[PDB]
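query-v3.txt, holding compact mmCIF, C-alpha atoms and all ligand atoms:
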# COMPACT_ATOMS: atom_id res chain seq x y z
CA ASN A 1 -57.96 117.03 187.51
CA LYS A 2 -58.78 114.03 189.81
CA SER A 3 -62.05 113.87 187.89
CA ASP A 4 -60.20 113.64 184.54
CA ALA A 5 -57.93 110.84 185.81
CA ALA A 6 -60.88 108.91 187.32
CA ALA A 7 -62.73 109.18 184.00
CA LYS A 8 -59.81 107.69 182.14
CA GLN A 9 -59.65 104.77 184.54
CA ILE A 10 -63.34 103.81 184.19
CA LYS A 11 -63.02 103.99 180.41
CA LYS A 12 -60.00 101.63 180.39
CA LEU A 13 -62.02 99.37 182.71
CA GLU A 14 -65.01 99.21 180.41
CA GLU A 15 -62.74 98.48 177.39
CA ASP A 16 -60.80 95.88 179.37
CA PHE A 17 -64.00 93.81 179.82
CA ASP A 18 -65.87 94.94 176.64
CA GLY A 19 -68.72 96.38 178.67
CA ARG A 20 -70.30 99.59 179.93
CA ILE A 21 -69.85 101.22 183.36
CA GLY A 22 -72.01 103.98 184.81
CA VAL A 23 -70.87 105.71 187.99
CA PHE A 24 -72.12 108.38 190.31
CA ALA A 25 -70.54 109.16 193.70
CA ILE A 26 -71.04 111.97 196.23
CA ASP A 27 -69.09 113.07 199.29
CA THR A 28 -71.92 114.51 201.43
CA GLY A 29 -69.35 116.24 203.71
CA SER A 30 -67.54 118.22 200.99
CA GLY A 31 -69.86 118.43 197.98
CA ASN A 32 -67.42 116.53 195.73
CA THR A 33 -69.12 114.51 192.93
CA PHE A 34 -67.96 112.28 190.10
CA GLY A 35 -70.00 110.81 187.26
CA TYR A 36 -69.23 108.65 184.28
CA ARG A 37 -72.14 107.87 181.97
CA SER A 38 -74.18 109.05 184.99
CA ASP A 39 -77.31 110.04 182.99
CA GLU A 40 -77.33 106.92 180.77
CA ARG A 41 -79.76 104.07 181.41
CA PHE A 42 -78.89 100.64 182.88
CA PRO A 43 -81.07 97.69 184.00
CA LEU A 44 -81.94 97.87 187.68
CA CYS A 45 -82.12 94.08 188.20
CA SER A 46 -82.55 93.35 191.95
CA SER A 47 -81.25 96.77 192.96
CA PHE A 48 -84.73 98.34 192.86
CA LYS A 49 -85.64 96.14 195.85
CA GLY A 50 -83.69 98.57 198.02
CA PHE A 51 -86.27 101.25 197.03
CA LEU A 52 -89.21 98.86 197.41
CA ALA A 53 -88.19 98.54 201.03
CA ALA A 54 -88.08 102.30 201.34
CA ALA A 55 -91.61 102.47 199.91
CA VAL A 56 -92.86 99.94 202.43
CA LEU A 57 -91.42 102.06 205.30
CA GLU A 58 -92.99 105.23 203.98
CA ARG A 59 -96.38 103.50 203.96
CA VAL A 60 -95.87 102.43 207.64
CA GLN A 61 -94.87 106.01 208.52
CA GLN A 62 -98.07 107.27 206.79
CA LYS A 63 -99.84 104.57 208.88
CA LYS A 64 -101.40 102.81 205.84
CA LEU A 65 -99.43 99.72 206.92
CA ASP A 66 -98.28 98.30 210.26
CA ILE A 67 -94.72 96.97 210.42
CA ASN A 68 -95.75 93.88 212.42
CA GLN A 69 -98.82 93.04 210.30
CA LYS A 70 -98.86 89.40 209.22
CA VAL A 71 -98.45 88.56 205.52
CA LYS A 72 -99.75 85.05 204.77
CA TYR A 73 -99.14 83.15 201.51
CA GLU A 74 -99.34 79.46 202.52
CA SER A 75 -100.52 78.31 199.08
CA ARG A 76 -98.53 80.73 196.91
CA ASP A 77 -96.13 79.20 194.37
CA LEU A 78 -93.01 81.17 195.22
CA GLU A 79 -90.75 82.55 192.52
CA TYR A 80 -87.20 81.29 191.95
CA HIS A 81 -84.79 82.67 194.58
CA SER A 82 -87.24 82.96 197.45
CA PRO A 83 -84.75 81.74 200.12
CA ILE A 84 -86.41 83.56 203.00
CA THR A 85 -90.06 83.54 202.08
CA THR A 86 -89.93 79.80 201.31
CA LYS A 87 -88.90 79.00 204.92
CA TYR A 88 -91.72 81.08 206.38
CA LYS A 89 -94.37 79.80 203.99
CA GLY A 90 -96.26 77.85 206.70
CA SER A 91 -96.60 80.69 209.20
CA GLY A 92 -96.28 83.87 207.05
CA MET A 93 -94.00 86.82 208.00
CA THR A 94 -94.41 90.35 209.35
CA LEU A 95 -94.43 93.20 206.79
CA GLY A 96 -91.10 94.59 207.92
CA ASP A 97 -89.44 91.16 207.89
CA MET A 98 -90.65 90.40 204.37
CA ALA A 99 -89.56 93.85 203.12
CA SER A 100 -86.07 93.52 204.67
CA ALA A 101 -85.82 90.05 203.18
CA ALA A 102 -86.65 91.64 199.85
CA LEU A 103 -83.67 93.97 200.39
CA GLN A 104 -81.12 91.92 202.34
CA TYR A 105 -81.53 88.63 200.46
CA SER A 106 -83.04 89.85 197.21
CA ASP A 107 -86.04 87.59 197.91
CA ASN A 108 -88.19 87.54 194.73
CA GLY A 109 -91.27 86.22 196.54
CA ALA A 110 -91.10 89.04 199.08
CA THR A 111 -90.68 91.51 196.22
CA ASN A 112 -93.67 90.42 194.16
CA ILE A 113 -95.92 89.84 197.17
CA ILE A 114 -95.15 93.34 198.40
CA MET A 115 -95.81 94.90 194.98
CA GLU A 116 -98.99 92.89 194.61
CA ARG A 117 -100.60 93.72 197.95
CA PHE A 118 -99.20 96.99 199.29
CA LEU A 119 -97.51 99.05 196.56
CA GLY A 120 -99.70 98.95 193.40
CA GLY A 121 -97.42 96.77 191.32
CA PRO A 122 -94.63 98.14 189.11
CA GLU A 123 -96.54 101.34 188.25
CA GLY A 124 -97.05 101.97 192.03
CA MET A 125 -93.30 101.37 192.61
CA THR A 126 -92.57 103.85 189.74
CA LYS A 127 -95.07 106.36 191.26
CA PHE A 128 -93.29 106.13 194.65
CA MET A 129 -90.04 107.03 192.96
CA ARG A 130 -91.68 109.95 191.09
CA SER A 131 -92.99 111.19 194.45
CA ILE A 132 -89.49 111.85 195.77
CA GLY A 133 -88.59 113.60 192.50
CA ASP A 134 -86.87 110.76 190.70
CA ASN A 135 -87.86 111.32 187.00
CA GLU A 136 -85.48 108.67 185.62
CA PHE A 137 -86.51 105.47 187.45
CA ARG A 138 -88.99 103.04 185.91
CA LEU A 139 -90.15 99.58 186.77
CA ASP A 140 -92.46 97.96 184.25
CA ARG A 141 -92.46 94.20 184.90
CA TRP A 142 -92.55 91.72 187.82
CA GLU A 143 -89.92 89.39 189.17
CA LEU A 144 -88.37 87.68 187.16
CA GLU A 145 -89.31 89.11 183.65
CA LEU A 146 -87.87 92.50 184.72
CA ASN A 147 -84.29 91.03 184.60
CA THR A 148 -83.94 90.59 180.79
CA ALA A 149 -81.36 93.49 180.57
CA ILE A 150 -81.81 93.73 176.79
CA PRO A 151 -79.55 96.53 175.36
CA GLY A 152 -81.64 99.48 174.18
CA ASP A 153 -84.66 98.51 176.33
CA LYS A 154 -85.85 101.28 178.70
CA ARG A 155 -88.04 98.87 180.67
CA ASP A 156 -86.99 98.35 184.30
CA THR A 157 -84.09 100.82 184.03
CA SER A 158 -82.65 103.88 185.71
CA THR A 159 -79.48 106.00 185.70
CA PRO A 160 -76.59 106.00 188.23
CA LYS A 161 -77.14 109.65 189.21
CA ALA A 162 -80.86 109.17 189.85
CA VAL A 163 -80.05 106.00 191.85
CA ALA A 164 -77.44 107.89 193.93
CA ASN A 165 -79.65 110.93 194.47
CA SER A 166 -82.71 108.80 195.37
CA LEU A 167 -80.62 106.80 197.87
CA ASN A 168 -79.29 110.04 199.34
CA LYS A 169 -82.93 111.21 199.75
CA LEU A 170 -84.10 107.96 201.43
CA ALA A 171 -81.07 106.93 203.51
CA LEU A 172 -79.82 110.40 204.45
CA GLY A 173 -82.58 112.92 203.68
CA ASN A 174 -85.97 113.49 205.29
CA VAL A 175 -88.42 111.47 203.16
CA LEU A 176 -88.37 109.16 206.18
CA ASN A 177 -88.60 110.40 209.75
CA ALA A 178 -85.70 109.87 212.14
CA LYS A 179 -87.00 106.61 213.60
CA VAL A 180 -88.10 105.01 210.31
CA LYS A 181 -84.91 106.12 208.50
CA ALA A 182 -82.83 104.46 211.25
CA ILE A 183 -84.58 101.18 210.41
CA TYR A 184 -84.12 101.65 206.66
CA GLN A 185 -80.44 102.35 207.36
CA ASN A 186 -80.11 99.17 209.44
CA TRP A 187 -81.70 97.13 206.66
CA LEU A 188 -79.05 98.47 204.26
CA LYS A 189 -76.20 97.76 206.64
CA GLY A 190 -77.28 94.13 207.14
CA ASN A 191 -77.41 93.40 203.36
CA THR A 192 -76.01 89.91 202.68
CA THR A 193 -75.26 89.95 198.89
CA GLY A 194 -72.73 92.73 198.50
CA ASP A 195 -69.45 91.48 199.94
CA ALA A 196 -67.49 91.41 196.66
CA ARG A 197 -68.70 94.77 195.26
CA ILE A 198 -68.67 98.18 196.95
CA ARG A 199 -67.88 96.74 200.43
CA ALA A 200 -64.73 95.15 198.92
CA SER A 201 -63.63 98.67 197.79
CA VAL A 202 -63.36 100.31 201.26
CA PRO A 203 -61.39 99.84 204.55
CA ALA A 204 -63.05 97.11 206.56
CA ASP A 205 -63.61 99.60 209.38
CA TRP A 206 -66.00 101.77 207.27
CA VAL A 207 -69.75 101.06 207.63
CA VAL A 208 -71.57 100.19 204.42
CA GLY A 209 -75.25 99.70 203.68
CA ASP A 210 -75.88 98.54 200.10
CA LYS A 211 -78.18 96.80 197.61
CA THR A 212 -76.82 94.80 194.66
CA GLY A 213 -78.44 93.65 191.44
CA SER A 214 -77.41 90.77 189.15
CA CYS A 215 -79.63 90.30 186.17
CA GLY A 216 -77.72 87.17 185.07
CA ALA A 217 -77.91 88.30 181.41
CA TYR A 218 -75.68 90.54 179.33
CA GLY A 219 -73.19 90.47 182.19
CA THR A 220 -75.42 93.03 183.94
CA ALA A 221 -74.80 93.84 187.61
CA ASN A 222 -74.67 96.82 189.97
CA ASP A 223 -74.42 98.03 193.56
CA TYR A 224 -75.43 101.20 195.38
CA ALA A 225 -74.20 102.08 198.87
CA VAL A 226 -74.29 104.64 201.63
CA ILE A 227 -70.87 104.59 203.25
CA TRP A 228 -70.02 105.88 206.69
CA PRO A 229 -66.20 106.41 207.01
CA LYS A 230 -64.82 107.00 210.52
CA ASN A 231 -64.85 110.66 211.65
CA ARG A 232 -66.29 111.91 208.32
CA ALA A 233 -69.59 112.48 206.53
CA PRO A 234 -71.33 109.64 204.59
CA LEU A 235 -70.49 108.93 200.91
CA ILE A 236 -72.94 107.75 198.29
CA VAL A 237 -71.76 105.44 195.49
CA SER A 238 -73.79 104.02 192.60
CA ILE A 239 -72.22 101.46 190.18
CA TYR A 240 -74.02 100.00 187.13
CA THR A 241 -72.45 97.72 184.48
CA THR A 242 -73.50 95.86 181.40
CA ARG A 243 -71.67 93.76 178.83
CA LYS A 244 -71.88 93.28 175.06
CA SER A 245 -72.93 89.65 174.81
CA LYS A 246 -76.06 87.97 176.15
CA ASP A 247 -74.08 85.05 177.59
CA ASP A 248 -71.44 87.26 179.28
CA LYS A 249 -70.85 86.75 182.99
CA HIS A 250 -71.06 89.71 185.34
CA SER A 251 -67.82 90.99 186.91
CA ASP A 252 -67.84 91.70 190.72
CA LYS A 253 -64.24 92.82 190.51
CA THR A 254 -65.00 95.48 187.87
CA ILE A 255 -67.78 96.83 190.10
CA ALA A 256 -65.39 96.84 193.13
CA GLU A 257 -62.69 98.48 191.08
CA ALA A 258 -65.02 101.15 189.58
CA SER A 259 -66.00 101.81 193.20
CA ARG A 260 -62.38 102.28 194.30
CA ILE A 261 -61.99 104.81 191.43
CA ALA A 262 -65.22 106.72 192.09
CA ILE A 263 -64.28 106.99 195.76
CA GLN A 264 -60.75 108.25 195.10
CA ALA A 265 -62.14 110.89 192.69
CA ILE A 266 -64.47 112.40 195.28
CA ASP A 267 -62.30 112.19 198.39
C1 LIG B 1 -81.74 89.96 191.48
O1 LIG B 1 -81.24 90.56 190.54
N1 LIG B 1 -81.56 88.67 191.67
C2 LIG B 1 -81.79 87.97 192.93
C3 LIG B 1 -80.47 87.34 193.40
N2 LIG B 1 -79.66 88.23 194.27
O2 LIG B 1 -78.31 88.59 193.83
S1 LIG B 1 -78.24 90.15 193.61
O3 LIG B 1 -78.72 90.77 194.84
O4 LIG B 1 -76.87 90.52 193.25
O5 LIG B 1 -79.16 90.34 192.52
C4 LIG B 1 -79.68 86.70 192.28
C5 LIG B 1 -79.87 86.95 191.00
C6 LIG B 1 -79.03 86.34 189.91
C7 LIG B 1 -80.97 87.92 190.56
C8 LIG B 1 -82.18 87.27 190.03
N3 LIG B 1 -82.40 86.01 190.36
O6 LIG B 1 -82.95 87.97 189.37
CL CL B 2 -97.25 88.81 189.59
Take the structure I supplied and represent it as structure tokens, if you would.
Ligand SMILES: *C(=O)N1C[C@H](NOS(=O)(=O)O)C=C(C)[C@H]1C(N)=O
Ligand SMILES: [Cl-]
Amino acid sequence: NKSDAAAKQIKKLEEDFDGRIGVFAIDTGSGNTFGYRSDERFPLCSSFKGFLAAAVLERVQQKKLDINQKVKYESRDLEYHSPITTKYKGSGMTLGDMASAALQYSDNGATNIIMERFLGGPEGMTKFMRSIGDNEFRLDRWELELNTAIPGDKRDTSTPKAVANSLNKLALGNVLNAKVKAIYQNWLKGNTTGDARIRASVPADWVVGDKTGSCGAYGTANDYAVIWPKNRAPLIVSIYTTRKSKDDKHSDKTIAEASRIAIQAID
């Protein structure tokens, strides 16, 4: 019933903006799920940086990396949108700071430095995802080439369900031990780019940790969140959108609204 009505609303929403919305949402307290195009592929854009940070933490937990190790790059030409790395260029940053910059600010320099030195590049990032049983995820290119969002291109894509499940594994499951998962969770909660997406869809008193992506082509954008309501179990929401034309702007309000609908369906 509620599921049928939610489906109709997403559909109207995708027609209203001549685009494509994929949704997966889970109420971890009740088991309730909702999916719309949940097994279809969508560009990840910046949203994979949330997982890159999870990979970094797993490496620290396995003791291959130290969270306070210094990462120096004084002579590295930084990629476009390196707001955090560019201010620490002189002195370097700790591993954990760079990784949380990758997540919380979408820092492209942080991203590509981490993939280059600690994670084995895009194939290594893909391998990490495979290792938690995510068969859908792939990253193939570096920042910024990975953001082309060309329709019909499987490169740098995933599905909403796989995103949701993976997040549930990393933020809520036991890939990460209690102490390291707490940190990951805090990184998610302090994300600075998601105010007009999933966070906008929920009472202000609910706690959200999220990671957004905005390819800036084909109107492509997304957000995934763990959500802690008061006196209830966490929710997981995954929202992915594209648009028909290359020049199309992304719509924060469609994302926020698809989130409202996904949440109402599962609650
Ligand atoms: C990632 O997709 N980015 C980085 C930046 N952050 O906004 S986002 O977190 O919503 O993505 C902005 C972008 C337009 C995009 C990029 N530069 O690739
Ligand atoms: Cl590179």
Next item on the list: Taking all atoms listed in the file into account, report as a PyMOL selection string which residues have an atom no farther than 7 Å from an atom of ligand LIG 1 (chain B).
Entry: chain A and resi 45-47+80-81+105-108+144+147+193+211-216+221
Please produce a file of those selected residues containing C-alpha atoms, as a short mmCIF file (atom, residue, chain, number, x, y, z; two decimals), in the frame of the given file.
data_model
loop_
_atom_site.label_atom_id
_atom_site.label_comp_id
_atom_site.auth_asym_id
_atom_site.auth_seq_id
_atom_site.Cartn_x
_atom_site.Cartn_y
_atom_site.Cartn_z
CA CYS A 45 -82.12 94.08 188.20
CA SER A 46 -82.55 93.35 191.95
CA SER A 47 -81.25 96.77 192.96
CA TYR A 80 -87.20 81.29 191.95
CA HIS A 81 -84.79 82.67 194.58
CA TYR A 105 -81.53 88.63 200.46
CA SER A 106 -83.04 89.85 197.21
CA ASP A 107 -86.04 87.59 197.91
CA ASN A 108 -88.19 87.54 194.73
CA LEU A 144 -88.37 87.68 187.16
CA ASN A 147 -84.29 91.03 184.60
CA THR A 193 -75.26 89.95 198.89
CA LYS A 211 -78.18 96.80 197.61
CA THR A 212 -76.82 94.80 194.66
CA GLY A 213 -78.44 93.65 191.44
CA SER A 214 -77.41 90.77 189.15
CA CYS A 215 -79.63 90.30 186.17
CA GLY A 216 -77.72 87.17 185.07
CA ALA A 221 -74.80 93.84 187.61
#
Just want the residues within 12 Å of ligand CL 2 (chain B), written as a PyMOL selection string, counting all atoms listed in the file. chain A and resi 76-79+108-117+120-122+140-146
A straight line from atom CA of residue 54 of chain A to atom CA of residue 168 of chain A spans 11.9 Å
Using only C-alpha atoms, the best pick from A:24, A:184, A:137, A:36 as closest to residue 158 of chain A would be A:137
| said: My list of candidates is A:23, A:101, A:237, A:208. Which is closest to residue 53 of chain A when distances are computed with all atoms listed in the file? | reply: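 Between A:23, A:101, A:237, A:208, the residue approaching residue 53 of chain A most closely is A:101.
Proximity to residue 245 of chain A was assessed for A:218, A:17, A:73, A:118 counting only C-alpha atoms; the smallest distance is recorded for A:218.
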Counting all atoms listed in the file, closest pick from A:91, A:68, A:238, A:82 relative to residue 161 of chain A is A:238
Shell around residue 229 of chain A at 10 Å using all atoms listed in the file, local window under 6 positions removed, as a list in words: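 The residues that qualify are residues 202, 203, 204, 205, 206, 207, 208 and 235 of chain A.
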Here atom CA of residue 177 of chain A and atom CA of residue 67 of chain A stand apart by 14.8 Å
Counting only C-alpha atoms, the residue among A:31, A:2, A:183, A:172 that lies closest to residue 56 of chain A is A:183
